[PDB]
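# Close look at the chain arrangement
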Amino acid sequence: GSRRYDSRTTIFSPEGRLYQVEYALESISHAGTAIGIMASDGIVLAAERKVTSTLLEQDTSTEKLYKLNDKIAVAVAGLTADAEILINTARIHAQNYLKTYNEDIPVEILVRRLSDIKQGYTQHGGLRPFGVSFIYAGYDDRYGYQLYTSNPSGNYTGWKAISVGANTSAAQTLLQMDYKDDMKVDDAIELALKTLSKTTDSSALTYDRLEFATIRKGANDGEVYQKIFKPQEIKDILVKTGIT
Amino acid sequence: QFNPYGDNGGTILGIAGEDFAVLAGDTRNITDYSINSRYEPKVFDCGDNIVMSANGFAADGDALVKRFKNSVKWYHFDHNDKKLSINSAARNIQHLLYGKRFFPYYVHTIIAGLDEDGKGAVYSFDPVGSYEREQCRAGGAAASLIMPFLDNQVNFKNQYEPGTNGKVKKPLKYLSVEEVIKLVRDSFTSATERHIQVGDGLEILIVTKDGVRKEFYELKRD
Amino acid sequence: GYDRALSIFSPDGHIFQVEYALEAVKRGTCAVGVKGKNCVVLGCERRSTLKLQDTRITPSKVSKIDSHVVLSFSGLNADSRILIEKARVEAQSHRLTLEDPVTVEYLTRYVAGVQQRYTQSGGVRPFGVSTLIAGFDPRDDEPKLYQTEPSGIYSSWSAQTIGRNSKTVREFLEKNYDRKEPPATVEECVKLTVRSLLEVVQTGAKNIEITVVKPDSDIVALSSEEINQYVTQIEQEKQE
Amino acid sequence: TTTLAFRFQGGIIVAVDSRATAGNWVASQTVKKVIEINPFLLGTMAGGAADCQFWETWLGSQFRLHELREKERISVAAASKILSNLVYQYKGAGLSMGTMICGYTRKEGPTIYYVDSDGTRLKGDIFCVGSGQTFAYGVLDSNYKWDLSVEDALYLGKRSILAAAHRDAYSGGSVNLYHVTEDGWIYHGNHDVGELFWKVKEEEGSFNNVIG
Amino acid sequence: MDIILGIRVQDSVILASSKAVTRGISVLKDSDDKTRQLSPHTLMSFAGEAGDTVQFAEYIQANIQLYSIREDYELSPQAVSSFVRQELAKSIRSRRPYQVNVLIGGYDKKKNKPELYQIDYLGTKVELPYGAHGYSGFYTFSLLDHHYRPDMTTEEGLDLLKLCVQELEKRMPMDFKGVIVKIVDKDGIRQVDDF
Amino acid sequence: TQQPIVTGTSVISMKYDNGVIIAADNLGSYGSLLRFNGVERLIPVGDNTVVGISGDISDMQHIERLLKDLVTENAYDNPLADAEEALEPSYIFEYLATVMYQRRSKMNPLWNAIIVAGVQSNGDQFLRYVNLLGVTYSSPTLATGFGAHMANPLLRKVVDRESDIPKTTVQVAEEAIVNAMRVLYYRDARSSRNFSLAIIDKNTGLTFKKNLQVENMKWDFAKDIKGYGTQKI
Amino acid sequence: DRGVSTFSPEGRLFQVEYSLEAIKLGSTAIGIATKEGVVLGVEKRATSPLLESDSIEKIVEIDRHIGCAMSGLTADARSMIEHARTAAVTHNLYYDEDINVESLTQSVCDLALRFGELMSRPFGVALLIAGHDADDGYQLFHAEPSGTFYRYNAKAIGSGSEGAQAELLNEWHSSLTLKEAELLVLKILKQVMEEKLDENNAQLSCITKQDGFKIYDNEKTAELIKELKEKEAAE
Amino acid sequence: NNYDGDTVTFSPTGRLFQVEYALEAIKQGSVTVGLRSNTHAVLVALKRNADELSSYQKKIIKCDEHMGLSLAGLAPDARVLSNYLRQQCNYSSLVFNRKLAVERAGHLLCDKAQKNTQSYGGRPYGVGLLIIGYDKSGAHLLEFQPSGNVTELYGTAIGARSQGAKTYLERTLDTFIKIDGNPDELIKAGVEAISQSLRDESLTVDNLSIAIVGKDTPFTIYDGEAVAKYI
Ligand SMILES: *[C@@](C)(CO)[C@](*)(O)[C@H](CC(C)C)NC(=O)[C@H](Cc1ccccc1)NC(=O)[C@H](CC(C)C)NC(=O)[C@H](CCc1ccccc1)NC(=O)CN1CCOCC1
């Protein structure tokens, strides 16, 4: 029958590894680098677009950074189509929680449920896993500003600063060098860009090959604002830090 | 609107002795004021020295007897031809009846036989499965006529020893098969006189260690 | 639905998928359980290749199933969440129907049953996880420590360890633990647990987690400084 | 029916009548309305005869399965809650059951639970259930003290059923007595009202409404 | 089931609930506690159809306790009330709805404020300074309109509550066998034994 | 839940020494309207059984199809389909009796009263009744509807008990049936003059008589009847 | 790969045959039947000395009149026992009587072959089912994952089975007392066990008409071990 | 070779190997014999044991008062098929008040075994059956094979060394067919037939298993001291 053609996506190797999860991670390692840095008064999300063409519409484009709700956003590394499936689920899960408890969903709860979905694809169903790694950047009134990451295995962990996708090894060393705990947002903006500028496979880092976003308490009195940077706003912040 | 139940009349009677047990029932079948049959048996040998009758709505009665007879058959297959004891049969019947708790079998069921000590046994059931072992039970249309007579003559109720100032009760004792059949025949002739749905014929099934015997007697046909 | 029988027998009578799940446990960070006279202590390793971590929000290795029972593990982290969730639900379900919290034996038996079901169900692979379940039964002062594994077998232990280099720390416990006289106090029990982990860990900084469970739902997690004091004390006695 | 059970110094007393009716037709005078679930648990039956008899028999099978699985006798609380959760699933379907789960365990001590077919579950010291519950309450309450002796408690339970058996048209036949201690339940006989009424009238001097 | 009351004051929430359980012409019990603790700083009283009440209350209790274990965190009274309302709002369009009315009294530790929510069996939620279910309201609301002040103490609230129970005992047809009173504040939940 | 629309009235039958006789009129009524006149309500199954049906005609036609299909199904992989393993009356009845009770138990009955008449392989006479409720019974004489009230009394004067069966010839038995059909025409408002009759004998086999009529009627005395009491003209 | 319910060229089911190999790796279990009762004994086999041996539950009660011992992948036996207990209690509910030992065994064995592409694989555990009923008296059954069961006068399963079975062939007779049977299980267990036999690493049990199914204490078994050593030295 | 992985695959020469491998399981099974006259039908079966301490595996199963079979191969598969026959015999009784014909019993088994040989996932039955019965057309004997093929015979035998008993019956055909109104002599002929398949072992009291059905004889099985007459 059909047994002949089954890849058996949810099995162990003799060494106790999940073949498909490992190979999905190998896929993600070729994707455009995405960095998250958490400061005391906000969070930065920076991501490098995959080899841009000059005739690509840049201003009305979204590849790396996505908004889950008013208080939480994600940076993507891997297959975009796979990520969008998971993003719509996460958006719905956030609205279910709000409808139930009349309170915005805590960041970890959203992350756990999204990570639990990925886990399911590795243990049962016989389907391939999602070839996606997320960086979650968000705020709630329990833990404040938070950075998380999840990968195809469905395992998630918390971070002060983290990178996913390409050149994470080199990127994580640079972040570990210059990062400190009493850091501000504006400093973290500079660190994010400087790190990409050195780890990039491109000749020079320009405005048209980047996506940028901040989550500050920079609004008026005790409330959080999400800023997804416009092209011209990235051009200005790139000049202001002296990269171009 | 369609009504799934009907009344087929008739009446049944079970008495237990020391080493025997009888299960009697008239042979008349009716609907409203018409006679359907003057001889339609409703007391059945079900095997393993168990006799059974399910009086009331005959369609439900037949269905139940049919299912219990089948239950006995499968009991032999599943448990190495083991004899189904009267107490086990009763509990099984409860589950048959209660299985249709929310669309009941409209019948009064009575079974008879010998217990595991060889002594005579009679069990009786309501329509939804509640049961009880007794020395004595009448069921069906003329149950209300026959039952108090049985209390008096089988269990010696309200009878005291003469001259003892109503202080000493008449002592309980088992009845002979001869004496029991006398009481059955008198019970049914009396019920025939005063109940319209009872008559035509009487069929008694007697159960001893030797097997299952039958006796038949004519009843008034009006 | 996906039906494939993934866990099956081999010519030599082995179920490889179950045995390969044990290898995933062997890869996982070490975990240890030691029970004293009036307490149980759960110790856990944390690998130090991860700096720039946020320890406030990072999932803790020891999980509360109820107010009186805890569960630690070794193996795949994502898998462990599913078992913990099922256990926490069953814990509340038991209180609801029986009007009494679960015994540690019962909770273990349930978790072990779930693990077993995944070894002979179609379309699923076994859990790459072994657990140490510890606590105290309701209105009881006798300490309880149980272990489970992917195959589904479970058993009680005076002291036990699982994960990477667990055979080294089991060797340590086998000569250092006396059945006739277990650790009389909390301090003695925690020290023996930290000692056993120091055979394997590396540094006693932010690598060791300790959680103490006492009778009547009395559970607390130790901080860095409190654990570091045990590390400092043991090393000074060692130089002799 | 009339059934009662009350808690006191020396454990639990449980008393029931034995009548069964179908309208005004007295169908039986010899019904066993107490189920012996196990050596430490009793259950009383009032309402629909089949409903009570079937489900309390089913109940004893569930409790047997508990002690096989858990290697320990089931608690009175857990026992009563299995029954109450069962009937709650059938709520609205028309079950008619008024039951009392009575027993002793180490952790609980002597315990009585009232459980009925509309899902009510209540722990308590005194309960009377059935069509003649009010008649039993009248006698029981007015004579109840915690410090009753085993002998006096047994009699009060017996006398309360007799009172209801007399006045309530849908109660009678005979009285079945039980005493529950730390060591388990003890049966204290079947008492026919036919002889018991006159014996009580003469010796006690009560029932002056009746022609002697 | 009949009488359940609730009063929010300056620093606490006070719930009072009748002790009688009646069925037919018999008071089966006169010491019944018509409440369940959902969390350390949240208490829910209930009244309605026999069976439905306890079954519903415990089902909510189990769910909130499950949440507490999972997140190692206590839900706010506002969050708990919204969860309860949704469960009742589902229920009303079911095959057999829960016929239960509830009061949720809790102390929000983040805001340092007491909160009282009244929810009926339809899933109708309102936050109130004082609340009641059933026929009780027809006496107690007008009484509290007159005597209630927002800045009252817990002791002043208990006297205000005694004034309600007295009125009910005078004018209600049924004997409800007194009330069990419980207080919810910054230090948790405790029962007044002598009322 | 049904209500019967097009309906058929009485079916009557009895036993005699060597076999059984059954009869039923050829009318399909639509309430008070005597709508259809060519309706055959006796349906033979093989050469040894006749099924007579009263009640709803749409449900009768459904039952016809079931019996027709039963004969087909029995012939499948059956070399002795016209011999030892042929359909018996008792088999045909029990099948119908099963269906009738299953349909009543689903609250969707076949609104009929049925009488299965025939002869078994060992020569024994077979006659048994079944209706919408699944109720079954057997008797030397059987009848449905008005037949139960008017025919049975007349037929029981010939065969009152079991011992009267050997003493009753086919000539005497048919005479009683034909007489009963006349009485039903006098007194049943939903009956017709035309009817069918079937005899199943253990020796001569199945004889099916169509297009019979009620005859030798007494109507002459009507001319003498005037008014309703005190009229003289 | 290949189908789960496939036949070999010799006419055997691959998966069933492979499961039998798993059972050979399991710890030893022995059963002996007498006119005075049936005895069941097992090797506990703790993997490490720190493991509390009393928590090793390889002898199990099904009903008051039926007991059970296991060998192989013991985790697989949980759902088999659960089924056996339900079957036993359910039959008591439907028929107000104890269920026959043979009928119980047959109900368990019906689960065995309910696998394929139902559960994903056969059971990797063999069971010894011992009990008593009024009809056929004291009985001992061996239930395999093939769906087959044989009644036995005596039977050993597990790693030391073939060696122990040969010993049971010589030692068993129809007039064995219960005490004689107890010692005989201990004797044969001590012969095939790796580590030295004592009350902590071996467990005894029996079923009698009078007292029903009982697992022996470690104190009671210890005395039977001491009684066994003395009797062998006495000649 | 490459065409025996499952039952859904044909070989290049048009063979179903999984069905053939199931047939092989029957050859390994213990011998059983079937024969009949015009009045009675008899089953004789050699039971097999694990060792001297074990019981002897029961080979004969009752299906109805007038029908039953003997097995050879996988015993659990015989339990499944016999159970199906019991239900079909029972359906015929409840619905049609009719004893199920032995020929229809064969047709039903054939069609049940066939479905297992044409679908992916399932497997063929691994057992052969000898069905005897007495119905409205007299005594009958059937042979069932898990390929689906059912055959009506005067006499036959299946299992290991069944060729010896099958040859004997082929010689004795004219003799035993006319054993009418004599049960014991028809059994004697069946016992002498199965004896032609014995090697090193002989028929003992707890080894032999006999069953009979006929005109005025319900289906009954004889074991233990009840077969000592025929040794
Ligand atoms: C006191 C004595 C009365 O309230 C107790 O409460 C007892 C409890 C004991 C028996 C455990 N209750 C009864 O006796 C109970 C009262 C009752 C009756 C019906 C419904 C609810 C409560 N009686 C019964 O259950 C009788 C017992 C029989 C007669 C031994 N059973 C019936 O009346 C049955 C079943 C009724 C039924 C319930 C639910 C669904 C369908 C049916 N019905 C009949 O027997 C019908 N009838 C009897 C008279 O003869 C014609 C047929």
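In the PDB header, X-ray crystallography is given as the technique by which the entry was determined, and 3.00 Å as its resolution.

On to the overall build of chain B. Scanning chain B for helices and strands turns up 4 helices and 12 strands. For chain B, the C-alpha atoms occupy an extent of roughly 60 × 50 × 30 Å along the three principal directions. For chain B, buried positions account for 59% of its 222 residues. Restricting the contact set of chain B to residue pairs at least 6 apart, pairs at least 24 apart contribute 60%. As displayed, chain B has an accessible area near 9,600 Å², and 49% of this comes from carbon and sulfur atoms. For chain B, the centre of its 28 positive side-chain charges and the centre of its 30 negative side-chain charges are spaced 2 Å apart.

Bringing the interface of chain D and chain G into the picture now. Quite often, the size of an interface is put as the accessible area lost when its parts meet. Taken together, the contact between chain D and chain G spans 8 residues of the former and 10 residues of the latter. One can count 4 salt bridges joining chain D with chain G. A salt bridge links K71 of chain D to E57 of chain G, with the shortest nitrogen-to-oxygen separation between them at 3.2 Å. Counting across the interface, chain D meets chain G through 5 residue pairs in polar contact. Of the residues belonging to the side of chain D that touches chain G, the class tally is 3 nonpolar, 2 polar and 3 charged.

Overall, the coordinates contain 95 salt bridges over all chains when judged by the stated rule. Residue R91 of chain B pairs with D96 of chain G through a salt bridge whose shortest N-O separation is 3.6 Å. One end of the pair, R91 of chain B, is in helix 2 (residues 86-98); the other, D96 of chain G, is in the loop between helix 2 (77-95) and helix 3 (101-112), on a second chain. For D178 of chain C, the salt bridge is made with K180 of chain C, and the minimal N-O distance between the two is 4.0 Å. Residues participating in the shared-partner salt-bridge network are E99 of chain C, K81 and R121 of chain D together with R36 and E58 of chain E.

What follows concerns the interface of chain C and chain A. Each partner contributes to the interface: chain C provides 31 residues, whereas chain A provides 39 residues. When chain C packs against chain A, the two sides together hide about 3,000 Å² of surface, and 56% of this comes from carbon and sulfur. Across the chain C-chain A interface, the total number found is 2 salt bridges. Notably, a salt bridge pairs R81 of chain C with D116 of chain A, separated by 2.8 Å at the nearest N-O pair. The interface formed by chain C and chain A includes 12 residue pairs in polar contact. Looking at the side of chain C that touches chain A, the elements with two or more residues in it are helix 1 (16-27) and helix 2 (77-98) of chain C. Of all the elements, helix 1 of chain C adds the most residues to the side of chain C that touches chain A, at 6 residues. Residue composition of the side of chain C that touches chain A, by class: 16 nonpolar, 6 polar and 9 charged.

This next bit is on the site of the ligand. Taken together, 18 residues surround the ligand, and among them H108 of chain B together with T1, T21, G47 and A49 of chain D come closest. Bordering the ligand are residues originating from chains B and D. Between the ligand and the protein, one listed contact pairs an oxygen atom with a backbone N or O atom of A49 of chain D at 3.1 Å. If one sorts the elements of the shell around the ligand by residue count, strand 3 (residues 20-22) of chain D sits on top with 3 residues. Here the shell around the ligand is composed, by residue class, of 8 nonpolar, 6 polar and 4 charged.

Before going further, it helps to spend a moment on the sheet that holds strand 1 (residues 29-33) of chain G. Residues and elements named next belong to chain G. Taking strand neighbours across the sheet as the criterion, the 5 strands line up as 8-1-2-9-10 in an open arrangement whose pairing is antiparallel. Every interior strand has two partners, whereas the edge strands, strand 8 (154-157) and strand 10 (212-215), have only one. This sheet shows a mean twist of 10° between the axes of neighbouring strands, independent of strand direction. By the bridge criterion, 5 bridges tie strand 1 to strand 2 (residues 38-43) in an arrangement that is antiparallel. Each residue of the ladder has a partner; that of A33, found in strand 2, is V38. Strands in contact with helix 4 (residues 161-171) are strand 1 and strand 8; relative to strand 8, the strand with the most contacts, it is inclined by about 165°.

We now examine the environment of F144 of chain H. All names here are of chain H. Its location among the elements puts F144 in strand 6 (residues 138-144). Residue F144 is classed as buried on the basis of its relative accessible area of 1%. Distance in space between the C-alpha atoms of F144 and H107 is 9.9 Å, their sequence separation being 37 residues. When near neighbours in sequence (up to four residues on either side) are disregarded, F144 contacts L81, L109, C110, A113, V127, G128, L129, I131, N149 and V150.

Where helix 2 of chain C contacts helix 1 (residues 52-71) of chain E, the two axes come as close as 10 Å, and the packing angle between them is 145°. Regarding helix 2 of chain C and helix 1 of chain E, the two cross each other, and that crossing is right-handed. Facing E85, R88, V89, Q92, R95 and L96 of chain C of helix 2 of chain C, the residues of helix 1 of chain E in contact are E58, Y59, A62, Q65, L66, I69 and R70 of chain E. Within the contact of helix 2 of chain C with helix 1 of chain E, the residues separate by chemical class into 6 nonpolar, 2 polar and 5 charged.

Time to look at the nonpolar core. Residues and elements named next belong to chain B. Counting 49 residues, the largest nonpolar core has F68 and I111 as its most contacted members. In terms of residue count, the dominant contributor to this core is helix 1 (residues 58-78) (7 residues). In this structure, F68 is in contact with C46, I50, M52, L84, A89, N92, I93 and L96, ignoring residues within four places of it in sequence.

Moving on to the pairing of strand 9 (residues 202-208) of chain G. All names here are of chain G. Counting buried positions over the 7 residues of strand 9 gives 7, a clear majority of the element. Burial of the side chains of strand 9 extends over both faces: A202, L204, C206 and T208 are buried on one face and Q203, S205 and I207 on the other. By the bridge criterion, 4 bridges tie strand 9 to strand 10 in an arrangement that is antiparallel. In the strand pairing of strand 10, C206 is matched with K214. Here strand 9 folds back onto strand 10 in antiparallel fashion, the turn holding 3 residues.

The next thing to look at is a negative patch on the surface. A grouping of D151, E155, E156 and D159 of chain E is seen on the molecular surface, where their side chains present a negatively charged patch. The class of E155 of chain E is exposed, set by a relative accessible area of 55%.

This part is about the sheet that holds strand 8 (residues 161-164) of chain A. Residues and elements named next belong to chain A. Spatially, the 5 strands line up as an open sheet ordered 8-1-2-9-10, and their pairing is antiparallel. The strands lining the two open edges of the sheet, one partner per strand, are strand 8 and strand 10 (225-228). Strand-to-strand twist in this sheet, taken as the mean axis angle between neighbours without regard to direction, amounts to 10°. Seen against the sheet, helix 4 (residues 168-178) touches strand 1 (34-39) and strand 8 and runs at an angle of roughly 165° to strand 8. Of the strands in this sheet, strand 1, strand 2 (42-48) and strand 9 (210-216) touch helix 5 (residues 185-199), which is tilted by about 20° from strand 2.

As a further point, take the arrangement of the chains. In this assembly 15 pairs of chains touch, with chains A and C having more contacts than any other pair. When C-alpha atoms are compared, chain C and chain F, though not in contact, are closest at a spacing of 34 Å.

This part is about the packing of aromatic side chains. Across all of its chains, the model carries 44 aromatic pairs over all chains by this definition. Summarising the aromatic geometry, the rings of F6 of chain D and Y144 of chain D are spaced 6.0 Å apart at their centres and angled 80° between planes, so their arrangement reads as edge-to-face. With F6 of chain D in strand 1 (residues 3-8) and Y144 of chain D in the loop between helix 3 (133-143) and helix 4 (150-167), the pair connects residues that are 138 residues apart, well separated along the chain. Every member of this aromatic cluster is reached through a ring pair, and the members are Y98 and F102 of chain B together with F54, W55, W58 and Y90 of chain D. Above the face of the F229 of chain A ring, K227 of chain A is positioned so that its terminal group lies 4.8 Å from the ring centre. A cation over an aromatic ring shows up here: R96 of chain E above the ring of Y88 of chain D, its NZ or CZ 5.1 Å from the ring centre.

The rules we used
- Residues numbered from 1 in each chain as written, not as in the entry; some residues may be left out.
- Chains lettered and ligands numbered in written order.
- Part of a larger assembly, values for the part shown.
- Heavy atoms only, no water.
- Helix = DSSP H or I, 4+ residues; strand = E, 2+ residues; numbered from the N terminus.
- Buried < 20%, exposed > 50% of the residue type's maximum accessible area, 1.4 Å probe, protein only.
- Contact = heavy atoms within 4.5 Å.
- Areas by Shrake-Rupley, 256 points an atom, 1.4 Å probe, with all protein chains shown as cover.
- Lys, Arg positive; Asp, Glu negative; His and termini not counted.
- Charge placed at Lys NZ, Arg CZ, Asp CG, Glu CD.
- Salt bridge = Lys/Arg side-chain N within 4 Å of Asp/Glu carboxyl O.
- Polar contact = N/O pair within 3.5 Å; in protein donor to acceptor, adjacent residues only side chain to side chain.
- Nonpolar A, V, L, I, M, F, W, Y, C, P; charged D, E, K, R; others polar.
- Buried area = accessible area lost by both parts, 1.4 Å probe.
- Near = heavy atom within 4 Å.
- Pairing = 2+ DSSP bridges.
- Axes fitted to C-alpha atoms, helices over the stretch in contact; angles between N-to-C directions.
- Left-handed = near helix turned anticlockwise from the far one by under 90°.
- Core = buried A, V, L, I, M, F, W, Y, C linked by side-chain atoms within 4.5 Å.
- Patch = residues over 30% accessible without salt bridge, like charges linked within 9 Å, V, L, I, M, F, W, Y side chains within 5 Å.
- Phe/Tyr/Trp six-rings, centres within 6.5 Å; stacked < 30°, edge-to-face > 60°.
- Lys NZ or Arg CZ within 6 Å of the ring centre and 35° of its normal.

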